[PDB]
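Asks: Sharing an experimental structure here, sequence included.
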Amino acid sequence: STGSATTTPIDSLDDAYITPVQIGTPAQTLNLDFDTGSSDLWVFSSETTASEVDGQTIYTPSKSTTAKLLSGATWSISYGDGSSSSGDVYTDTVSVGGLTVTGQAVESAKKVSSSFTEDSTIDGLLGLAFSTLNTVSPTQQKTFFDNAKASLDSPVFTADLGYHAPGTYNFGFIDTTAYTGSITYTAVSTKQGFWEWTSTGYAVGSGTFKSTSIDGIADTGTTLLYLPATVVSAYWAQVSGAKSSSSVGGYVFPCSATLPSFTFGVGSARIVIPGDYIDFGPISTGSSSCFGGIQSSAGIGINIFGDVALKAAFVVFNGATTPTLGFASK
Ligand SMILES: C[C@@H](SC(=N)N)c1ccc(Cl)cc1
Ligand SMILES: C[C@H](SC(=N)N)c1ccc(Cl)cc1
Ligand SMILES: [Br-]
């Protein structure tokens, strides 16, 4: 089997991407944030505290003939950005782009934090990291990809995120028309539960490539590119007037600037992030100070190749017995 679904930016800055997902019988379609940095499939639901729902589409398990309460199971997750959610668990039929999993754990939110309430466009998350990170207790549950894997034509999914445009998540096959050149594969460590890999270095604009190992995670659920302070300082030093602002919480730059590209290494290959991908717009409405898309990972504890980086590439999440990641230009 295979599946193929379009993923769409939630706003004009590509702050996140939503992908339609069918849950239950008859189908209830919710727009979920596919997140390779977590491993819970959770949804706004008929059980979510009413004051914490503001425009999201909800899953109502009582209206699904295939929903079954997973007795005694609860979940609670807090994303390293400070947001959080928690609730109880059903199993139900879940389909993405024509690929169906029966008995998928669907985590129904009873509580969500304010940042979720305040985002009416995201109806939940679909985790695609390794199932060892799944928070369901007392019986940990498998991700959609892990449940689907043995049925797939090939045990892979691919992320092809667009810049200010829709893109695609594919399951079970590699669309050879969706990238240029070849796919370069690189080793993954699963020890922390993430798609963790080591970039071989970077370049700023037309500058020379610096060979240096940068350990990080491939995280579709993070908007920006978080890299060591040395690398980020070298990048922003090429932008007249850019500075790190403690009051704003990162590097900002004059909205009148044209930004240089940023290149990262994948083995001997190179992925080029165009400068425009690094512009996240005014820090507040009407401001001429713009927020940067490359920020320091100091204090996160890991580097994060978020959407800014991933959208410059066609990315293969290879879930074979020994997982690997693949990157191609596009
Ligand atoms: C791994 C992601 S959270 C996710 N993808 N669900 C993350 C952790 C910590 C920080 Cl500070 C920022 C991002
Ligand atoms: C999964 C990501 S966490 C991240 N951006 N690193 C997320 C999405 C929406 C909200 Cl409101 C909070 C967190
Ligand atoms: Br300002």
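Replies: Ah, there it is. Numbering: from 1, shown residues only. Ligands and ions are numbered 1, 2, ... in the order given.
Asks: distance of the residue in the stretch 51-200 of the chain that ligand 1 sits nearest to from ligand 3?
Replies: Closest approach between the stretch 51-200 of the chain and ligand 1, counting by C-beta to the nearest ligand atom: residue 80, at 2.1 Å. In short, each C-beta sits where N, CA and C put it, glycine included. Residue 80 sits 27 Å away from ligand 3, taking C-beta to the ion, to the nearest Å as the criterion.
Asks: and what of residue 310?
Replies: Per C-beta to the ion, residue 310 is found 29 Å from ligand 3.
Asks: The protein: helices as residue ranges?
Replies: 114-117, 144-148, 229-236, 307-310 (DSSP state H).
Asks: Quick check: buried residues in the longest one?
Replies: Buried positions in helix 229-236, judged by neighbour count with 16 or more other C-beta atoms under 10 Å: 231, 232, 234, 235, 236.
Asks: The first one now?
Replies: Within helix 114-117, the residues scored as buried using 16+ other C-beta under 10 Å are 116, 117.
Asks: mind listing what the residue nearest the centre of the chain touches?
Replies: The centroid of the chain falls nearest to residue 220 when counting by C-alpha atoms, centre = their mean (1.8 Å). By C-beta atoms under 8 Å, 6 or more residues apart in numbering, the residues touching residue 220 are 17, 34, 35, 36, 37, 128, 159, 161, 306, 307, 310.
Asks: so the first one bridges to which residues?
Replies: Spelled out, that is residue 17. Counting by DSSP bridges, residue 17 forms beta bridges with residue 9.
Asks: So it sits against residue 7, correct?
Replies: Yes: the pair residue 17 and residue 7 passes the contact test of C-beta atoms under 8 Å, sitting 4.4 Å apart.
Asks: check contacts around the residue of the stretch 201-330 of the chain found nearest ligand 3.
Replies: Using C-beta to the ion, the single residue of the stretch 201-330 of the chain nearest to ligand 3 is residue 287, 3.9 Å away. Counting by C-beta under 8 Å, 6+ apart, residue 287 makes contact with residue 255.
Asks: and if we set it to 10 Å?
Replies: Residues near residue 287 by C-beta atoms under 10 Å, 6 or more residues apart in numbering: 248, 252, 255, 281.
Asks: the domain parsing of the chain - what is it?
Replies: 5-174, 175-330 (curated CATH domains).
Asks: Would the last one count as contacting ligand 1?
Replies: Yes: applying C-beta under 6 Å from any ligand atom, one finds domain 175-330 touching ligand 1 at 219, 221, 222, 300, 304.
Asks: And ligand 2, is that domain touching that?
Replies: Yes: Domain 175-330 reaches ligand 2 (C-beta under 6 Å from any ligand atom) through 221, 222, 223.
Asks: Just the terminal-to-terminal distance for that domain.
Replies: Domain 175-330 has its terminal residues 12 Å apart, counting by C-alpha to C-alpha, to the nearest Å.
Asks: All the strands of the stretch 101-250 of the chain, residue numbers only.
Replies: For the stretch 101-250 of the chain, the strands defined by DSSP state E, counting those that start in this stretch cover 124-127, 156-160, 167-171, 184-187, 196-204, 210-218, 225-227, 243-245, 250-254.
Asks: Adding distance to residue 150 and mean neighbour count, write the ones you listed out as a markdown table.
Replies: Shown next, in a markdown table, are the strands of the stretch 101-250 of the chain (distance: least, C-beta to C-beta, whole Å; neighbours: other C-beta atoms under 10 Å):
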| stretch | distance to residue 150 | mean neighbour count |
| --- | --- | --- |
| strand 124-127 | 19 | 28 |
| strand 156-160 | 13 | 24 |
| strand 167-171 | 12 | 22 |
| strand 184-187 | 22 | 16 |
| strand 196-204 | 24 | 20 |
| strand 210-218 | 23 | 17 |
| strand 225-227 | 34 | 26 |
| strand 243-245 | 47 | 15 |
| strand 250-254 | 42 | 19 |
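Asks: could those strands go into JSON lines alongside distance to residue 142?
Replies: As requested, those are exported to JSON lines (distance: least, C-beta to C-beta, whole Å):
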{"stretch": "strand 124-127", "distance to residue 142": "10"}
{"stretch": "strand 156-160", "distance to residue 142": "14"}
{"stretch": "strand 167-171", "distance to residue 142": "15"}
{"stretch": "strand 184-187", "distance to residue 142": "23"}
{"stretch": "strand 196-204", "distance to residue 142": "20"}
{"stretch": "strand 210-218", "distance to residue 142": "20"}
{"stretch": "strand 225-227", "distance to residue 142": "28"}
{"stretch": "strand 243-245", "distance to residue 142": "41"}
{"stretch": "strand 250-254", "distance to residue 142": "36"}
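Asks: In JSON lines: those strands, plus distance to ligand 3.
Replies: JSON lines is the format used below for those (distance: least, C-beta to the ion, whole Å):
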{"stretch": "strand 124-127", "distance to ligand 3": "32"}
{"stretch": "strand 156-160", "distance to ligand 3": "34"}
{"stretch": "strand 167-171", "distance to ligand 3": "32"}
{"stretch": "strand 184-187", "distance to ligand 3": "40"}
{"stretch": "strand 196-204", "distance to ligand 3": "25"}
{"stretch": "strand 210-218", "distance to ligand 3": "31"}
{"stretch": "strand 225-227", "distance to ligand 3": "23"}
{"stretch": "strand 243-245", "distance to ligand 3": "10"}
{"stretch": "strand 250-254", "distance to ligand 3": "8"}
